[PDB]
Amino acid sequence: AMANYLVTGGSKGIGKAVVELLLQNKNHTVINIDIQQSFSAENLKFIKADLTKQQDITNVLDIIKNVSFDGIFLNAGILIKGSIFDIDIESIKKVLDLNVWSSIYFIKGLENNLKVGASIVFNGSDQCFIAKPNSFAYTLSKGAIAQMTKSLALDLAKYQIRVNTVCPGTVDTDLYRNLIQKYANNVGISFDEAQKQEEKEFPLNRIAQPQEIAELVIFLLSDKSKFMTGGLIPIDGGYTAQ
């Protein structure tokens, strides 16, 4: 059967991995909303948008107004480092605007575009559960997502619409590599040395590949998971168990 999916931040990392998996069935149409397009497929639609700008999101909503969605994956997001004292107001706002508001604007705007029985999945973080040093804005944003998950699950349950959030540990993405490279350069160690330090933070002693997180997202979007809603689902190599 034909199905439609929407992915915000679908051009890189987990979002890209989810897009590629969803495209495997030719009866699936995926709509990727991001600032730059990634790869192409006949069943992949790209719409450019700066997800920190409400007006850009309003423009997307107009374009997709007739589409009814089976699944949505919200992977827009950024991490800017710093404790509350070290990150400026402008950056905190940027993190909230992308990580939280972009999803608010979309879900609010897709009220009549969500099929009965649809599945909405947020990209959360192990920081939906715990904090990490010098990560104020990001942790704050993931707390908001954690509870937004539960509110939407309660209010959308009458329509059999499920809402869940994957909570990844560190994932080998562009943004991750960027932060760790800049950290490595700052403290005078190699990238490899830096990654090894990060890997030891997890009981599994490794970080995740984006495809691994995407498999869980795909499960949550699939017809196999219809009784799951309102859940924060750990995929963190044991991080929150310790």
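Position 1 is the first residue in the sequence shown; the rest follow in order.
If you take the mean CA temperature factor per stretch, which one wins between 211-219 and 60-68?
Per the PDB record, 60-68.
Would you mind comparing 120-128 and 86-94 for me and telling me which has the higher average C-alpha temperature factor in the entry?
The stretch with the larger average C-alpha B-factor is 86-94.
Quiz for you: based on the deposited Cα B-factor, which of 235, 241, 1, 6 is highest?
Answer, based on the entry's C-alpha B-factors: 1.
With respect to C-alpha B-factor, does residue 80 fall in the lowest, middle or highest third of the chain as deposited?
Ranked within chain, residue 80 CA B lands in the highest tercile.
For residue 24, return the chain-relative third of its C-alpha B-factor as stated in the PDB record: lowest, middle or highest.
Answer is highest: the recorded C-alpha B-factor places it there.
Third of the chain, ranked by Cα B-factor, where residue 49 sits:
Its C-alpha B-factor belongs to the highest third of this chain's values.
Within-chain third of residue 112 by Cα B-factor, per the entry
It falls in the top third of the chain.
Sorting the chain's CA B-factors, does residue 31 end up in the lowest, middle or highest third?
Tercile = middle for this residue's CA B-factor.
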